[PDB]
Structure formats: C-alpha cells, structure tokens
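*Asks:* I'd like to ask you about the structure that follows.
What is reported rests on the model, the rules as stated and the sources as named; none is laboratory data. Counting neighbours? That spans all protein chains shown, and the Cβs are built from the backbone with ideal geometry, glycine included.
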Amino acid sequence: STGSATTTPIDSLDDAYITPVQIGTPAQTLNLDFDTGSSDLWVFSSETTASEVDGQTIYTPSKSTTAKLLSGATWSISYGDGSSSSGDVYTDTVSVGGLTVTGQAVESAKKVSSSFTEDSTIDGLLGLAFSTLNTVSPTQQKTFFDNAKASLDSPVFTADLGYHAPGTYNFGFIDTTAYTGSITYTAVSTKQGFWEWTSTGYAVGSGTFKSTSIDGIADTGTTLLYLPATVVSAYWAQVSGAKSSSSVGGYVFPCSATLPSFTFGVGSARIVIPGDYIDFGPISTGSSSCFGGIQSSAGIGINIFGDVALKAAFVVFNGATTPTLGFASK
C-alpha cells in the first residue's frame, strides 16, 4: 500500500505545516501537524476543556463507531518550547492520503497549553519519530508509521515541504519526479528516539565549505534551523546590522537586509537553503527588525534541522530495519 497527502503552511511565514487526516467512522477530518520529532498522535476533542478550544476542529469519539476507549491509558507531553497537553486514549481507524491503519492509538486531549489554543489552524499532532518516545502510559503505543510500515510497498515516508507553497507527505514510495539529481543517504541513530544524523558541514552564501560534524535531528515539527553558536555566529556576521538580542530571544536583522543562503552537508552532497527561507519577518507588527530563521541550539542541548532546512530538500525517512535518512535537492 501507499498514501499521499498534501501539506500546507499554516501562515505566510511557514511557521508549521498541516496535513488532513481522517479519523474514525464515519471519517472526521482533522488537520494535523506531522512531526518527525515526536511520537504521539494527539487531537483536540470533545473532551478538551471548553475554554481551551478556540476554532480547532475536534475529534468526537462517541460519534465514531470504530472508536474504543483504551482502558486505563493516559498521555502527557511537554514540548521543548514550553508547550504541553494531556488526556486519554482511544483506538480508531486513521487514514492519511488513502493509507489506512486500523487500531491506531488516537490520544484525545483533555487539556492543551495556551500555545495550542491560540493556534486555530492546528487540530493536533501526528508523530513520526520512533515509537520509543510515545508517552502513553502504562502501555506505550505505536506511531501511525510504525503501524503502517509492514503493509507499505517500501517501509519509508517522504517529506516535501514547500516554501510559501503546498507540499507533500508520501508513505510507502519515493516519487522520483519530486527531486533533482540523486538522493544521498546518511546514517541515523535512534538512541534518543529521533531521526538523528550527522551533517558533514556548512557554508554561508558563496563562502568556502567548512567540513565539521554537526549532529542533529530532522524535525518537521520545528520551524527553525537550530545550530551550534559558532555556526550561527558565522552566518549572521554576513548580514549587516544583525545581532543577537537577549530580549527578543535570538538573532534579529534589519528587515531591509538581503540574506545569504546557507548550505549544509549530507555526506559529499550539499543542500542549499535560499536566503529568503531564513526571513521570519518583523519581530512585532510594524517593526523594521526581523527575526532570523537560523538560531543557536545552545541550551536546547541538540541541533535541530527544522522546517527552514527540510523545506530546501526532498527528505526520505527510511524505516528499514536499520533506518537511514535521505536528502535530495529539488
């Protein structure tokens, strides 16, 4: 089997991407944030505290004839940006782009943090990291991809995120028309439950490539590119007037600036992030100071190849017995 679904930026800055997901019988379609950095499929629901729901589409398990309460099961997640949510668990039928899993754990939110309430476009998350990170207690549950894997034509999914444009998540096949050149594959460590890999280095604009190992995660659920302070300093040094602002919480730059590209290494291959992808617009409405899309990972504890990086590539998440990651230009 295979599946294919269009993924759409939630706003003009590409802050996140949503993908429609069918849950239950009859289908309830929710727009979920596909997140290769986490492993829970959780949704706004009829059980969510009313004051915490503001425009989201909810899952109502009582209206799904295939929903079954998973007895005694609860979940709770606190993300690396202060965000959190929690609730109970149903199993139900879940389909993405024509690919169907029966008995998928659907984590129904009783509580969500403010940041989720305030984002009316995201109805929940669909985790695509390794099932070892799933938070369901007392019995951990499998991700959608883990449940689908054995049925797929090939045990893979691909992320093709757009810059200011729609893109695609495919399951079970590689669309060879979706990229240019070849896919370069690189080793993955699953030791922390992430799609964790080692970039071979970077360049800033048309500058010389610096060969240096950068360990990080491919994370579709993180907006920006978080890299070591040395690397980030080297990038913003090429932008006149850019500076790190403690009050704002990162590097800012004059909105009139032209940003250089940023290149990262995948083995001997190179992915070029156009400078425009690194512009996240005014720090506050009407400001002429703009927020940078490359920021320091110091104090995150890990480097993160978020959407800024991933949207410059066609990315293969290969879930073979020994997982690997593939990157191609597009």
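*Asks:* Any residue in the stretch 300-313 that is among the charged types (D, E, K, R) and in a loop (DSSP other than H, G, I, E, B)?
*Replies:* Yes, because at least one residue in the stretch 300-313 is among the charged types (D, E, K, R) and in a loop (DSSP other than H, G, I, E, B).
For every residue, the table says whether it meets (1) closer than 25 Å to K149 by Cβ; (2) of a type in the set (G, A, S); (3) not assigned by CATH to the domain that holds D146.
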position: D279; (1), (2), (3): no, no, yes
position: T285; (1), (2), (3): no, no, yes
position: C290; (1), (2), (3): no, no, yes
position: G299; (1), (2), (3): no, yes, yes
position: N303; (1), (2), (3): no, no, yes
position: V308; (1), (2), (3): no, no, yes
position: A313; (1), (2), (3): yes, yes, yes
position: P323; (1), (2), (3): yes, no, yes
position: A328; (1), (2), (3): yes, yes, yes
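*Asks:* List the strands (runs of 3 or more DSSP E) that sit entirely inside the stretch 210-253 and contain at least 3 residues that are within 22 Å of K191 (Cα to Cα). Working first, answer last.
*Replies:* On the way: elements: 210-218, 225-227, 243-245.
Passing ranges, in order: 210-218, 225-227.
*Asks:* Another question about this same structure. Taking the residues in the stretch 46-77 that are of a type in the set (V, I, T) and touching a residue at least 60 places away in the same chain (Cβ under 8 Å) as candidates, determine which candidate is farthest from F116 (Cα to Cα).
*Replies:* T74
*Asks:* How about the stretch 105-190: which strands (runs of 3 or more DSSP E) wholly inside it have at least 1 residues that are assigned by CATH to the domain that holds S95 and on the phi > 0 side of the Ramachandran plot?
*Replies:* 124-127
Residues checked against (1) in contact (Cβ under 8 Å) with a residue 40 or more places away in the chain; (2) among the hydrophobic types (A, V, I, L, M, F, W, C); (3) assigned by CATH to the domain that holds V315:
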{"residue": "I18", "(1), (2), (3)": "yes, yes, no"}
{"residue": "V21", "(1), (2), (3)": "yes, yes, no"}
{"residue": "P26", "(1), (2), (3)": "no, no, no"}
{"residue": "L32", "(1), (2), (3)": "yes, yes, no"}
{"residue": "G37", "(1), (2), (3)": "yes, no, no"}
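*Asks:* May I pose another question? Can you name the residue in the stretch 126-144 that is crowded, with 18+ Cβ neighbours inside 10 Å and among the β-branched types (V, I, T) and is also farthest from the chain's Cα centre (by Cα) among such residues?
*Replies:* In this case the residue turns out to be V136.
*Asks:* Can you pull out every residue in the stretch 224-244 that is small (G, A, S) and surrounded by 15 or more Cβ atoms within 10 Å (Cβ to Cβ)? Before you say what the answer is, go through the steps one by one.
*Replies:* Restricting attention to the stretch 224-244, the residues satisfying the condition of being small (G, A, S) are 229, 233-234, 237, 240-242, 244.
Within the stretch 224-244, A234, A242, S244 meet the criteria.
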